[PDB]
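Quick note: residue numbers are just sequence positions, from 1. Whatever order the structure lists them in is the order used to number ligands and atoms, beginning at 1. Both backbone and side-chain heavy atoms feed into the values below; hydrogens, waters and symmetry mates do not.
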Amino acid sequence: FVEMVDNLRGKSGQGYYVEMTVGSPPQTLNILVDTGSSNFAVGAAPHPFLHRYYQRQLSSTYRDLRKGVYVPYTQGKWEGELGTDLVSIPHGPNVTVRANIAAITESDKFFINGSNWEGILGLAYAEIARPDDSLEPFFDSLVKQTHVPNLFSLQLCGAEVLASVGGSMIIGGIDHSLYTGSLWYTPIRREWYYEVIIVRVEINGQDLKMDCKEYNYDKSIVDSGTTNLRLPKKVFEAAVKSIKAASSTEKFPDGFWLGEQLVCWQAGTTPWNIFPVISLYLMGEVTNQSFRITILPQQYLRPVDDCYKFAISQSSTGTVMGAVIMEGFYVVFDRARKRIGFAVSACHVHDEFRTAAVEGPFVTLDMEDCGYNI
Ligand SMILES: N#Cc1cccnc1N1CC[C@H]2OC(N)=N[C@@]2(c2ccc(F)cc2F)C1
């Protein structure tokens, strides 16, 4: 899938984007790859933080759906107008799709100063599309209209101005040069978000010993459009307590653990070995099995002297496996078989003593009971 390798770029903390073209003649736009939402939405009018935007009037193939869409979330919102147009991904498959597009005409706290992207590609399912599930998402259109197999995979690599990060979005298959070792799969629990089930969490090999329902309260999702590992309140608190203890040899301000303040060390002296590894055990395809993905401090301390923000934060909407978990790994969104695969990434972080890992099986009792009953 050689022409698709290295087709993602971004700035640390501001997401990964892919170049796309919209309309005829093609308008080039950078689009954030977001497995946590399901709309294809593009800035369509001027904005302080947008260096270009989609101009429907310049496109001979635009069709207006005469329908508005409002997408409030927090910390923000966007609104716009629905239509269809022809869409292609230059460093993607060699196809062109007529896709729904939300042309964003007003927004608050959505576009990001300096991020270099002008729209979002929601890769999750129709159930969470706005205004409702009848607005076919981009990937659904791509699969229906072209032969492309119903699967994509993401290799996010990450790590003055914020550091540039890179990676690859492989549409339609699995590129075996982007990973090493075995691919382990966890089931997609429900096709809305990419919802999965975490059955155990360890911090430096010590079980947090919570009821596993706590890890998925109210859901756990894999989300390339969120930077941090976000954990439900009780789990977050348990985790930081444990990380504090392992690293207690040093002391950092409260704002660092709140992910607000940076912590800096003389360049090159970053004391990685005082921070523990974190293992998340995901439910396997076999009911009583799991496998673990182990992440290093190189993933959960985000570069911003060498300066870092702690990139684990509290959630009130369940666990979010964001970019800093995904950067460990090659992640396969196997929609056709309703499962998500993980393997150690050719661009994983590691030092001479430790490395990200994907290991299994571990046998674990009653993990169907680790979910939330809708
Ligand atoms: N839109 C939308 C949307 C539609 C449906 C569900 N969730 C959405 N969110 C959730 C909050 C963020 O988390 C994710 N994954 N994407 C969001 C996002 C992305 C980029 C950015 F700059 C700002 C953002 F808030 C938008």
Kindly assign one of parallel, tilted or perpendicular to the pair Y179 and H176, based on the angle between their ring planes and the thresholds 30° and 60°. tilted
How are the rings of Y308 and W272 set relative to one another: parallel (under 30°), tilted (30 to 60°) or perpendicular (over 60°)? perpendicular
Residues sharing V199's hydrophobic cluster, by side-chain heavy-atom contacts under 4.5 Å among ILVMFWY, directly or via others?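 Members alongside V199: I197, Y281, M283, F362, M367.
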Transitive ILVMFWY cluster of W117, excluding itself - 4.5 Å side-chain cut-off: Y17, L32, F49, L50, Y53, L65, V69, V71, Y73, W78, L82, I104, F110, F111, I112, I120, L135
Name each N or O atom in ligand 1 that is under 3.5 Å from a protein N or O, and give the partner atom and the distance.
| residue | atom | partner | partner atom | Å |
| --- | --- | --- | --- | --- |
| ligand 1 | 1 (N) | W78 | NE1 | 3.2 |
| ligand 1 | 15 (N) | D34 | OD1 | 2.7 |
| ligand 1 | 15 (N) | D34 | OD2 | 3.3 |
| ligand 1 | 15 (N) | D223 | OD1 | 2.9 |
| ligand 1 | 15 (N) | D223 | OD2 | 2.8 |
| ligand 1 | 16 (N) | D34 | OD2 | 2.7 |

Examine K219 relative to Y193 and say whether NZ or CZ is less than 6.0 Å from the centre of the six-membered ring and inside a 45° cone about the ring axis. yes
Cut-off 3.5 Å, no hydrogens considered: what does the side-chain donor-acceptor table look like for residues 36-45, sequence neighbours left out?
| residue | atom | partner | partner atom | Å |
| --- | --- | --- | --- | --- |
| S37 | OG | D34 | OD2 | 2.6 |
| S38 | OG | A124 | O | 3.1 |
| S38 | OG | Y125 | N | 3.1 |
| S38 | OG | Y125 | O | 2.7 |
| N39 | OD1 | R130 | N | 3.0 |
| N39 | ND2 | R130 | O | 2.9 |

